[PDB]
Amino acid sequence: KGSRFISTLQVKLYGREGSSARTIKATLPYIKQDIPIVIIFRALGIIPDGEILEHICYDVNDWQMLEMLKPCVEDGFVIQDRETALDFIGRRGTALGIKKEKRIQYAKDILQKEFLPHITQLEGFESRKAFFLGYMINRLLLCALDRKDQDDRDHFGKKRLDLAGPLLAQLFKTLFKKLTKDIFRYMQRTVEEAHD
Amino acid sequence: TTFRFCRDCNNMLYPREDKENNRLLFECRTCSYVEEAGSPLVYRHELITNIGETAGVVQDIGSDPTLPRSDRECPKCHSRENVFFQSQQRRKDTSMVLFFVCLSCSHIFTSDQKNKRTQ
Amino acid sequence: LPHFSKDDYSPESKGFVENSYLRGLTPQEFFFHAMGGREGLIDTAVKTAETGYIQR
Amino acid sequence: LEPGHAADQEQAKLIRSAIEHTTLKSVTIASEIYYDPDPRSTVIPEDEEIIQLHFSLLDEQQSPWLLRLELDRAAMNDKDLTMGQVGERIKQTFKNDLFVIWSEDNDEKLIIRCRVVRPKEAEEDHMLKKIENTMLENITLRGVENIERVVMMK
Amino acid sequence: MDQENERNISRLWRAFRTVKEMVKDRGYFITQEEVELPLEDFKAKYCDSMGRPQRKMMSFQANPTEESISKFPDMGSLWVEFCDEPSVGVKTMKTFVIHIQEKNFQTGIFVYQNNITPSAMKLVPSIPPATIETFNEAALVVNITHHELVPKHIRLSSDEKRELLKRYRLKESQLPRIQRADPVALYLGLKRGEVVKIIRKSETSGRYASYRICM
Amino acid sequence: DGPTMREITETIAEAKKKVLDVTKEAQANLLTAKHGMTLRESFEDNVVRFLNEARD
Amino acid sequence: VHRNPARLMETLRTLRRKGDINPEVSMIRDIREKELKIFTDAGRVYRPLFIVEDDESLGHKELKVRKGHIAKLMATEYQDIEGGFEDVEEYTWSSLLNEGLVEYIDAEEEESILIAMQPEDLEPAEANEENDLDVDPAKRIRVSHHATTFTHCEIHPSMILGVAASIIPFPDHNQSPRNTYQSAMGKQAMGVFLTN
RNA sequence: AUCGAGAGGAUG
DNA sequence: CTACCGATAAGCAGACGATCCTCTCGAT
DNA sequence: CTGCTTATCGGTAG
Ligand SMILES: [Zn+2]
Ligand SMILES: [Zn+2]
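Heads up: the sequence lines are chains C, L, H, P, Y, D and G, in that order.
Each residue of the first sequence is one higher than the last, beginning at 17 in this note's numbering.
Each residue of the second sequence is one higher than the last, beginning at 6 in this note's numbering.
Each residue of the third sequence is one higher than the last, beginning at 9 in this note's numbering.
Each residue of the fourth sequence is one higher than the last, beginning at 96 in this note's numbering.
Each residue of the fifth sequence is one higher than the last, beginning at 2 in this note's numbering.
Each residue of the sixth sequence is one higher than the last, beginning at 447 in this note's numbering.
Each residue of the seventh sequence is one higher than the last, beginning at 1429 in this note's numbering.
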């Protein structure tokens, strides 16, 4: 019920089987490169290692899971603090140094809107999005170790049918908002005149 | 493997050799804390892995209707009630052995006549 | 199909039609033979556009 | 086959196992690192005499960190292989810069032990991992690269 | 490793053999007695006082058959050398050229064991009129023309070639073509212009003859 | 023929049973894998042939 | 998260079967993954079907809809034929959907259930028959019920078909691609297309 | 007449 | 024991995608 | 489910 904001997120796993060190990163909307996960969590509200791993892995018994994550941590010892956890997420412009306190407030709301716009899109929610981002990771790995199958794409329960109703909807909505801004553009041309 | 974390700060611990008395110390690159080691085991790879085979087993499994029901007996209790399934570990070169779940008691056993098992 | 248990690699489960065209297929059988025959029409539909580009 | 032979299967089997590619990787249960300090007395109880007969006191160092290798009693039957032939192709790879021990096929547990050696930035540890990496995907045991499953068809 | 000292020698022996077959096939003079030299008599005669195979002890010149002059008054003087040294820089290149330069040969074959440095390949063709060639032991353990799918090729002469070009009224371009680096075309050693003739067999008409110009 | 129709269903029944044993075997880890292919690959190949030979 | 979905599930399924929770909305309990997904999205496709339940007292495991239900169902479809002078009229389809006898099942929820095929021949008792004398030689060979812990049961298999396809006589005696042809031609035959 | 879309026929 | 050359392994991009036929509909 | 361009790797020469 918030139009059609198709904001698509991907969590990738770099390097193939038996490679040097397999590092985990993610694609975020309105951002140039990919970003190590450990930076993302710190940029949310979770700071310390081992607390990070509690959002991701759920059973502190099964190690291989854990031994998978050494590469990521060892990639984030360069950012340990709340504040500049978002300094790395500030490559939007070519040295927007004019925004040292504004790039943060550019990043701060990017994790309000562009990052998982469902779940919620308000202010006071960070542990809501962490447990999830940290559940995508439990899946992405629960597969790379080959403990569960890949996801099937032609499964009929994982697809919907855009009927006459919602067809009209995504049309009428677009129409109405066109007419709505035909009013504004007419109002700026009254007072101006009286008018009536 | 089982590696460990520091108190106070709460991060990961990275190994170190004691030059003098020859022993093993972990520590965080944040505060300074340093604890002694337990087992000499620092790293482990495993290419052929016996775990992952039997996941998702609960105390609420003898209810799922989509699982098949056989005429085995538990070598401990003796109830001909049980449910079963192949290796949940979806690899290509895996084996076709069954894993049964004693319902009157709660036990776990296999159909593999050869190959020793420790669960 | 949801008319079967899990982990069942027997003939009937995995698409062997016991019955002949005369005796008549059964419900599951019907549906399997369906998935099959379909592959025919699929190929001739979209594979020919290659077998005909080759010729050119 | 060579015209000199024809229906001698035993000949073909040889050629099969002189051609087929086999990496150290395909015969490894698990690789692992340990802190073993006392060279003569190991901290592990599974390796009492290895380590008990080696007979190194015929000459007669050192290295701190150790790297163990469990092997699968399984693929020592199909692919034709002996512990020795393994060990040799290992040392032959690096040359005179790492000690290497092992047990006999007769034993119940097949194992390898290795230790870096011996120059003269500490951080000695990370790299040791990139040896056990090179050790798996890059070590030939017998046969020609690019070749896989080789079939005995008549 | 005492078997890897025993195979290394055996492979060197078939490579030796294959070099012989090629030299005579260019048009030079070798007995079938010299080629079919058993593994015995080679175990000694070419090693040292222990069993280590001396390469410098194999090198030999080569003279054409009295029949080859009738078709090629040019072909006359060939020399082959083997080498102990694995890596061969610009320093080893200086030695061999100077050998021929004064001996006044025309063809220089050099069989190495591992590979040649690009600092050595730079100073190869820059010393005419004569020409030098090169081959990897590992690519000469087996003779390639001694294989089914390969038919026999026959270098034909200059005054000869003009005959093909008149009696099919062709232009140089119009012939089919063979590659300089081509396995066979090296096995004989072609040139910019030299034309082959190929006597392949056929299910249509017993024998069919194709001609290829070189590139 | 009635005598034949019977004989056909009985020539499917000893070939649906020859499959139950090749499963019954593979499931107690006695089924040796053919050189160069998976244990599951030699079961699959096995059964599929058991059912084709059954029809012809 | 929730602890003990033993009862939490059963309470959800009880209220939908009464009609309290909209019969559209679907509910997927996952034992072997420890998950519970509830879906309310628009576009899910679903279908019938009947319900089965061992909740029966002196009569093992059986279907819910009894012969008595069937009667009140035809005492409706005949009632509005001859004497339709307002003689207390009721008992439609939606009456079933509320008395809890039919459940709208979508594809995702189709993963957790064990559907039967033939109501009668799929839970009567043993004999058995298979190779046991005697039967009709000329009739077809059916799988046989071998698993018995059913939950649902299909309405009638012919219902897998479409509008054009259900025109075909004995489609289960035809080679499959043929029934697809007739489907395309049935739409190009000729007759009465509307009475007006 | 021109540009644009969709449905159908023949190889199944 | 450092810059200049050169030669190769590594990684983004392209221009193709059956023949013929019948009809209907909306558009600057 | 590619020929061509861009990038980082070793070789011998200032
Ligand atoms: Zn600390
Ligand atoms: Zn028990």
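C-beta: ideal position from N, C-alpha, C; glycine also.
Item, Value
"heavy atom of ligand 2 below 7 Å from residue 3 (chain L) C-beta", "Because chain L here runs from 6 to 124, residue 3 (chain L) falls outside it and cannot be looked at."
"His-154 (chain Y) - partner residues in DSSP beta bridges", "Y:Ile-199"
"Whole-angstrom C-beta distance between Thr-34 (chain H) and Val-1571 (chain G), which should lie under 8 Å", "7 Å"
"Closest Cα partner of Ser-111 (chain L) within the set L:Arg-34, L:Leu-46 and L:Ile-66", "L:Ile-66"
"CB contact check: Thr-1608 (chain G) to chain H, cutoff 8 Å", "yes"
"Under 9 Å from the C-beta of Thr-484 (chain D): neighbouring residues of chain L", "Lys-97, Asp-98 and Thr-99"
"8 Å Cβ cut-off: residues of chain D touching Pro-1565 (chain G)", "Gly-448, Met-451 and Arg-452"
"Residue closest to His-154 (chain Y), alpha-carbon to alpha-carbon, out of Y:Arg-193, Y:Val-197 and Y:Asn-9", "Y:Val-197"
"Minimum Cβ-Cβ distance from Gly-34 (chain C) to chain P less than 8 Å", "yes"
"Candidates C:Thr-196, C:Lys-115, C:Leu-127 and C:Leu-187, of which the one nearest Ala-59 (chain C) by Cα", "C:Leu-127"
"is_contact[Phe-489 (chain D), chain L] using C-beta, thresh 8 Å", "yes"
"Residues surrounding ligand 1 [beta-carbon distance to nearest heavy atom under 5 Å]", "L:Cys-11, L:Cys-14, L:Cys-33, L:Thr-35, L:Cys-36 and L:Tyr-38"
"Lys-24 (chain L) beta carbon near ligand 2 (any heavy atom closer than 7 Å)", "no"
"Cβ-heavy atom distance, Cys-1581 (chain G) to ligand 2, below 7 Å", "no"
"Coil, strand or helix - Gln-106 (chain P) by DSSP", "helix"
"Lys-124 (chain C) CB to nearest heavy atom of ligand 2 below 7 Å", "no"
"Option nearest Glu-1582 (chain G) by Cα separation, candidates G:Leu-1477, G:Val-1516 and G:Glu-1438", "G:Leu-1477"
"Touching by the beta-carbon criterion (3+ pairs, under 8 Å), the region 52 to 68 of chain L and the region 1447 to 1463 of chain G", "yes"
"Residues, ordered as in the chain, of the region 1551 to 1581 of chain G that lie near chain L by beta-carbon distance below 8 Å", "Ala-1575, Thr-1577, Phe-1578 and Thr-1579"
"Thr-455 (chain D) at chain G interface by Cβ criterion, 8 Å", "yes"
"Beta carbon of residue 9 (chain C) nearer than 8 Å to that of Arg-34 (chain L)", "Outside the shown range of chain C (17 to 212) lies residue 9 (chain C), about which nothing can therefore be said."
"Chain H contact residues for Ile-1541 (chain G), given Cβ-Cβ distances below 9 Å", "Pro-10"
"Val-493 (chain D), buried or exposed, once every other Cβ within 10 Å from all chains shown has been counted against 16", "buried"
"Ordered list of alpha helix (DSSP H) runs contained in the region 76 to 148 of chain Y, each at least 4 residues", "91 to 104 and 119 to 122"
"Beta-carbon contacts of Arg-20 (chain C) that lie in its chain and below 7 Å, excluding the five residues immediately before and after", "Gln-186"
"Spatially closest choice to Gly-106 (chain C) from C:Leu-157, C:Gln-49 and C:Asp-75, by CA coordinates", "C:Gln-49"
"Short CB-CB distance (under 8 Å) between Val-47 (chain L) and chain G", "no"
"Chain C contact for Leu-231 (chain P) (CB, 8 Å cutoff)", "yes"
"Reduced DSSP secondary structure (H/G/I, E/B, other) of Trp-79 (chain C)", "helix"
"6 Å Cβ shell around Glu-1490 (chain G) - same chain, five flanking residues per side excluded", "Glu-1484"
"Cα-Cα separation, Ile-185 (chain P) to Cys-36 (chain L)", "42 Å"
"DSSP three-state assignment for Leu-1491 (chain G), whether helix, strand or coil", "strand"
"DSSP bridge partner residues for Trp-197 (chain P) (one or two, in chain order)", "P:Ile-207"
"Beta-carbon spacing of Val-1530 (chain G), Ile-1479 (chain G) below 8 Å", "yes"
"From L:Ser-75, L:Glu-51 and L:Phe-8, residue whose alpha carbon lies closest to that of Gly-66 (chain C)", "L:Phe-8"
"For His-147 (chain Y) and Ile-153 (chain C), the rounded distance between their alpha carbons", "60 Å"
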